[PDB]
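>>> need a 3D model of the following:
(4 chains)
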Amino acid sequence: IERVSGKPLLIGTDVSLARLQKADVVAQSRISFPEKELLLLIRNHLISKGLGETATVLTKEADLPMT
Amino acid sequence: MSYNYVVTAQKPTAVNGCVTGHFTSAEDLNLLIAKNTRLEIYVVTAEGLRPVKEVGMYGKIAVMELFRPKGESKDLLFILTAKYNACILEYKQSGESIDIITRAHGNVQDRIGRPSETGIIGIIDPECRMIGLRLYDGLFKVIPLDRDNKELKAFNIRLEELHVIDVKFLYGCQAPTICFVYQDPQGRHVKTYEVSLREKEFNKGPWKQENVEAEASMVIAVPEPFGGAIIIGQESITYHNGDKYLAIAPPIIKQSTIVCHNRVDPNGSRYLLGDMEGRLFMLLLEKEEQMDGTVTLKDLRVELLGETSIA
Amino acid sequence: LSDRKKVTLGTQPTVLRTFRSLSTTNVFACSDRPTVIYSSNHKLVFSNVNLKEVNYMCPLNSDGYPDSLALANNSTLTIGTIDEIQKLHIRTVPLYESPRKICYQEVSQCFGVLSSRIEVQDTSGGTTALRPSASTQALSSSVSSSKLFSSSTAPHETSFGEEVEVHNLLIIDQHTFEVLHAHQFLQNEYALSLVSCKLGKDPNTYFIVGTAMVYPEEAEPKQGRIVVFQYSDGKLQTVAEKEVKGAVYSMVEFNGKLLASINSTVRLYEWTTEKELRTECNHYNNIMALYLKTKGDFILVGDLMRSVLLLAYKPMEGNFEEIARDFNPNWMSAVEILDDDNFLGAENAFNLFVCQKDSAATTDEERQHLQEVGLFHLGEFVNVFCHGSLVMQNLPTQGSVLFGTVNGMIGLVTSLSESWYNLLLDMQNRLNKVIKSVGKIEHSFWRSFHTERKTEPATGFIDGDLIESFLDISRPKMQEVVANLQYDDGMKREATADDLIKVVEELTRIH
Amino acid sequence: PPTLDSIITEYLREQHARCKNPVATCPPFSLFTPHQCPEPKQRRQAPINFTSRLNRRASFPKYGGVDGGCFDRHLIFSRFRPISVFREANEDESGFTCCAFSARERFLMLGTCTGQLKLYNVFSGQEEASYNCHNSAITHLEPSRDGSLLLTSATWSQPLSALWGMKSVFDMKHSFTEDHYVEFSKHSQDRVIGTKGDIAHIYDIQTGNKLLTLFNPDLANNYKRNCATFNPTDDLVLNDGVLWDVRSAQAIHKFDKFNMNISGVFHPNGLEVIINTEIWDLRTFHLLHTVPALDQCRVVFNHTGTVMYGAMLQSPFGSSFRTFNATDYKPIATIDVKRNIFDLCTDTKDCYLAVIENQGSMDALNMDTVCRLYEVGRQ
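Numbering: from 1, shown residues only, chains lettered A, B, ... in the order given. For reference, the structure is listed below:
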């Protein structure tokens, strides 16, 4: 099944063949993302876990849309 | 036996294909609207539009595109009927004598096969080297343009890809090259190719682009400074140039299907878009000078421009 | 000076004047046939006016008419101005939604236009529109009652507002053209068929709409009803309905009886005094019957895929009877009876042909077979056919059929005389050696009947649009058209240039 | 070691694998919204309903737009109705084998077990004129299109085919003794090709000579039922499932063997070769498709080549019908005949089905073969 399809490196998963060339595209895609969506996730984690005395410090490095 | 009489009371009014250029004069832009069989030669004034000569023909005009070959100060017009008889038109004026010269013609068709599904599609090479025609669903009929052709010769290079949705041409890259939107059995992609007219054979393509959006309807090729191929879909818009890629998904284009386009600026900086419901959009390209000679793309803007008729 | 040219206007002495309507130096012919001389698509072809007889004109100065002129005649004095001059003046009454059909009321002074509006489904509300067309902006609104498709649990839920269609009946005013009434139908109920006539011994003049119930992700429908309306004192009334197992495609009036076409079953009706309908007869030998045209007591049925089907109606028996049937499978587009012997049919392949009813009734096999007589490639899709001409009645050719298209190209179909057919067809072959059409396209090749399987050359009809360009031909090239040809004036004469130009003008006065 | 530039990289990718038809050059993401790749949403397609294909075609071209052509044929070749029953009331039992239609479709040319073809009016229901043609039986029976010739083949009779004349004079114009099965040529009808066993012979009708005998034992699939056929451009021959150049008398390419019986037919678009259930190419010889309902059936087309028929040759004979599409091979309908089907022929003008069916059960001692007509597209 590996030979007549897109050659996975002997990983045993999703042995159907229509589900094997789905795994050709989803794996080799080029995912990129903006950094701004992640920096708000950092600040939303610090305030919730007790140590929120650097949320005001993060005004300097980048923007602060929410308080 | 029954003998009856048929004339035209009202000349046809609905339009089909609109090509601008320099058909009448060298430094005068004009408009060439075909409607059913008529070919209405307008000209553009600063106040608006003005006709010159209305010419009808024996066949439904469905594909038309001007082109200036190397060797002509003015241009030529190519028109294919619905009955597969082609013609190359040339305007001749001598004072008030206003004439249309057909330079070369010839009915090119085949004995066998399904005609098509999405009508007839025809696009001219920008270097004026070949003439595209999708005619019999598996053949890709190419017209070798020359002054050797007092009548039209024809090639039929086989498409191994059968069900083609769109086809276009890409701009100046030393070789006349093609773009598809082909429906595979398993997925759908955008393949390219390269035709050797001296060898009648597809060459090895520069792009592969093995999977694209599921509803890719049209291909908008951008010109020689930053050449590539925009792939409009139902829901999103990409860009491709073989190495890089850009993609957006603007919330404007969410309730209508893109149907029409045009190259507004001669360096391809802006593009207008219509829909199935009357809207007009604008594609703004953020031209980025990376180096002292490098031209590349930075951003894709879609601006709502208002409501008109169904374009 | 150049050559003279005799053009007939009437029996009294004429007057030719020029003036200023508003600008552009408008020119008028004050004659027994009052014509505008100035322009017709920037060309010297006369265009009439809407006045009977004009003797003089007078450039007056009216306070409510800018730069208008009065017309001293054998009748009253008309201070009026003249608009953009052309052959066919076109006045637009916009409604901003898809029209479907048109009927006419004589007794009521109103039209009827079936409509089509795009709407999306709201999550909370029922539906919602997209832009303010003239459907919601009506003088009176109503909705259908007696929801009689309630027993069928077919209307299941949809997720989003994915562009359902809503139809209603628009009764348009006679002269103000204001939308008088709107009657919104049930959900996903199309409006497919509309006429306006009288049924039985009831002197009321009705609107009759035969509808169908539609769903996507579905085959051909088996539901629907037929609704008959009236316009009592400007108010629309639903009198009676008849729930019919099938989609209704075409309806024509038949001698006081209602003819319909319900899924390959020609189903003629009958009006009773109990305000109902009774199926008088039926028919079942059809693929899918979409077209119905009547003239007297013949009924011409246009099939889906096969052909022209002529069906008789014997009033003594009370039931239909198959006289004949064509067998060659052409996909019909629209059909029309000419003269109850010749039957005009269109096609999806953008073509025309007439089947003639067979004369030599030597046996029973050869009298049930129609014969395709004449072929033509009308290079245009055909939607409509109707009677009636566009010229004034001066009380030549016989009859007139106009046809509706998809590119806005209205033409005329009429009948000739067989002596003139030999006169006209030979002139087509003379002009097909002189006229160099653009493309170097043979007109015998272009008008040839070309389907995917028949490349049979055309015969029968006359392409008069090739004829009427003879006026544009110069006389050093008109002289070569006139070879040793014939002329009928039982008689026999060699053709001449000044008479062949008359025969074209005998056809140009129609159009 | 991993960072957030590997976890958030992999957090979206397994979220990306729930995209029905995913993408490759994806748009930029949004972590506070779900991710769903653009689904196929059709707007340029004609709808599944037919009356909504009728409103749309009024303001659009021919069919209703893109994908409006087959949606007519999925409503109009899925129903049939019997027209009339044709017996052989001479020995009070019917013994026909083969059937076809005439060049103008007025008479249907049956063929008995005795050796005579019997004409019948399609309108009347009365014998016109029988013809003592062969001795053994009748297997194959076709006219031409111009209305001049007739090919009738026998089972074991010492001349096997009989090139008749149907103009005015009934005589075997030429005679073949060798070949089991012949056929006309499609485009130019100057060729009648003949094949016994596995060897194909190209003949003429003017002279009757072996024009080009082609056979290569080096490249023969060697089936059970070979039938030499021309492409509709009249340039290729299928001898034993091999393409054959008629120009320079050489073989082209052999196909693989799968069910031991059927050699291969052409499809009327001139693009394919239909081996029994393998659907090939003509310029690169690849496989397009493989249908499990094409197990050992003989194909019957429309004259334009837009619908395909199927009859089983299993032992039973043709338990039901089989109606295929000639573009993408999606099957339309299999309506059922309770008896066993033997021969199946349709019109050039596409209105009837000559059905030779088997009355009674599986009995070699009693075969009652009536003839029945079906109307194309009527409930």
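
>>> may I have the secondary structure class of whichever residue of the stretch 51-200 of chain B sits closest to chain A?
Relative to chain A, the nearest point of the stretch 51-200 of chain B is residue B:186 (6.5 Å; C-beta to the nearest C-beta). The C-beta positions use only the backbone N, C-alpha and C, and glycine is treated the same way. Here residue B:186 takes the coil state, with states given by DSSP: H, G, I helix; E, B strand; the rest coil.

>>> now the closest residue to chain C within the stretch 101-250 of chain D: closest residue in space that isn't a chain neighbour?
Across the stretch 101-250 of chain D, the shortest distance to chain C (C-beta to the nearest C-beta) belongs to residue D:123, at 4.8 Å. Excluding the flanking residues, the one nearest residue D:123 by C-beta to C-beta, 6 or more residues apart in numbering or on different chains is residue C:365, at 4.8 Å.

>>> does residue D:11 sit in a helix, a strand or a coil?
Classification of residue D:11 using three-state DSSP returns helix.

>>> that one: neighbour count?
A total of 15 residues lie near residue D:11 under the criterion other C-beta atoms under 10 Å in any protein chain shown.

>>> residue C:203 too?
By the criterion of other C-beta under 10 Å, residue C:203 has 7 neighbours.

>>> how many residues are close by residue 61?
No chain was given, so I picked chain A. The local packing of residue A:61 (other C-beta under 10 Å) involves 8 other residues.

>>> oops, I was thinking of chain B
By the measure other C-beta under 10 Å, the count of residues near residue B:61 is 20.

>>> now the residue in the stretch 151-300 of chain D that chain B sits nearest to: closest residue in space that isn't a chain neighbour?
Across the stretch 151-300 of chain D, no residue is closer to chain B than residue D:270, which sits at 4.3 Å (C-beta to the nearest C-beta). Distance criterion C-beta to C-beta, 6+ apart; nearest residue to residue D:270, sequence neighbours excluded, is residue B:112 at 4.3 Å.

>>> so how far is chain B from whichever residue of the stretch 401-511 of chain C sits closest to chain D?
Nearest to chain D, among the residues of the stretch 401-511 of chain C, is residue C:453, at 5.7 Å (C-beta to the nearest C-beta). Per C-beta to the nearest C-beta, to the nearest Å, residue C:453 is found 12 Å from chain B.

>>> list the contacts for the closest residue to that residue other than its chain neighbours?
Nearest non-adjacent residue to residue C:453, counting by C-beta to C-beta, 6+ apart: residue D:304, 5.7 Å away. For residue D:304, the contact set (C-beta atoms under 8 Å, 6 or more residues apart in numbering or on different chains) comprises C:452-453, D:268, D:350.

>>> for residue 52, grab the count of nearby residues.
I went with chain A, as the question did not name one. For residue A:52, the neighbour count with other C-beta under 10 Å is 12.

>>> I was thinking of chain D, sorry if that wasn't clear
Around residue D:52 there are 21 residues (other C-beta under 10 Å).

>>> that one contacts residue C:215, doesn't it?
No. The pair residue D:52 and residue C:215 fails to qualify as a contact (C-beta atoms under 8 Å) at a distance of 9.3 Å.

>>> which secondary structure state is assigned to the residue of the stretch 401-511 of chain C closest to chain D?
coil.

>>> against residue C:401, how distant is it?
As judged by C-beta to C-beta, to the nearest Å, residue C:453 and residue C:401 stand 28 Å apart.

>>> of the two, who's got more company?
residue C:401 (20 against 14).

>>> what residues are up against the residue of the stretch 51-200 of chain B closest to chain A?
Residue B:186 makes contacts with A:18, A:21, as judged by C-beta under 8 Å, 6+ apart.

>>> may I have the phi/psi pair for it?
When quoted as degrees, to the nearest 10, the phi and psi of residue B:186 stand at phi -120, psi 90.

>>> one more: residue A:37?
Dihedral angles (degrees, to the nearest 10) for residue A:37: phi -70, psi -30.

>>> which residues does the residue lying closest to it once chain neighbours are set aside contact?
Excluding the flanking residues, the one nearest residue A:37 by C-beta to C-beta, 6+ apart is residue D:31, at 4.9 Å. Taking C-beta under 8 Å, 6+ apart, we find residue D:31 in contact with A:33, A:37-38, A:41, D:8.

>>> what's the answer for residue B:25, then?
Taking C-beta under 8 Å, 6+ apart, we find residue B:25 in contact with residue B:74.

>>> how close does it get to residue B:41?
Distance from residue B:25 to residue B:41, counting by C-beta to C-beta: 11 Å.

>>> before we move on, what about residue C:263?
49 Å.

>>> chain B contacts on chain A?
Within chain A, the positions near chain B by C-beta under 8 Å from any C-beta of the partner chain are A:18, A:21, A:25, A:30.

>>> OK, now which residue of chain A is nearest to chain C?
Nearest residue of chain A to chain C: residue A:18, at 24.2 Å (C-beta to the nearest C-beta).

>>> how about the secondary structure of that residue?
Classification of residue A:18 using three-state DSSP returns coil.

>>> now residue B:111
coil.

>>> ok, now which ones touch it?
Contacts for residue B:111 were tallied using C-beta under 8 Å, 6+ apart; they are D:187, D:232-233.

>>> separation between it and residue C:330?
Going from residue B:111 to residue C:330 by C-beta to C-beta gives 21 Å.

>>> same check, this time on residue B:35
27 Å.

>>> more neighbours: the two, which one.
Using other C-beta under 10 Å as the criterion, residue B:35 and residue C:330 rank with residue C:330 on top: 23 against 20.

>>> what's the closest non-adjacent residue to the more buried one?
Nearest-residue entry for residue C:330: residue C:347, 5.0 Å, with adjacent residues in sequence omitted and distances by C-beta to C-beta, 6+ apart.

>>> can you count the residues close to the one you found?
Using other C-beta under 10 Å, residue C:347 is surrounded by 20 other residues.

>>> who are the contact partners of it?
Neighbours of residue C:347 in contact, by C-beta under 8 Å, 6+ apart: C:330-333, C:353, C:451.

>>> if we use 7 Å, what do you get?
The contact partners of residue C:347, taken as C-beta atoms under 7 Å, 6 or more residues apart in numbering or on different chains, are C:330-333.

>>> specify which member of those residues is nearest to residue C:235.
For those, the residue nearest residue C:235 by C-beta to C-beta is residue C:333; the value is 37.9 Å.

>>> give me every residue in the stretch 101-250 of chain D lying close to chain C.
Within the stretch 101-250 of chain D, the positions near chain C by C-beta under 7 Å from any C-beta of the partner chain are D:123-124.

>>> could you rerun that using 10 Å?
By the rule C-beta under 10 Å from any C-beta of the partner chain, the part of the stretch 101-250 of chain D lying against chain C is D:105-106, D:121-124.

>>> against residue B:211, how distant is the spatially closest residue to the residue of chain A closest to chain C that is not a sequence neighbour?
Taking C-beta to C-beta, 6+ apart, and ignoring the residues beside it in sequence, residue A:18 has residue B:186 as its nearest neighbour in space, at 7.4 Å. Residue B:186 sits 10 Å away from residue B:211, going by C-beta to C-beta.

>>> ok, residue B:311 next?
30 Å.

>>> neighbour count: these two, which is higher?
Taking neighbours as other C-beta under 10 Å, residue B:311 and residue B:211 compare with residue B:211 leading, 22 against 16.

>>> tell me the phi and psi of that one?
Note on residue B:211: backbone dihedrals following degrees, to the nearest 10 are phi -150, psi 140.

>>> pull up the overlap in contacts between residue B:186 and residue B:211.
Residues touching both residue B:186 and residue B:211 (C-beta atoms under 10 Å, 6 or more residues apart in numbering or on different chains): residue A:21.

>>> from residue D:107, how far off is the residue nearest to residue D:123?
From residue C:365 to residue D:107 the distance is 11 Å (C-beta to C-beta).

>>> overlap of the contact sets of these two?
Common contact partners of residue C:365 and residue D:107 (C-beta under 10 Å, 6+ apart): D:121-124.

>>> for the residues you listed, which two are the farthest from each other?
Maximum pairwise distance in the shared contacts of residue C:365 and residue D:107, criterion C-beta to C-beta, is 8.0 Å, between D:122 and D:124.
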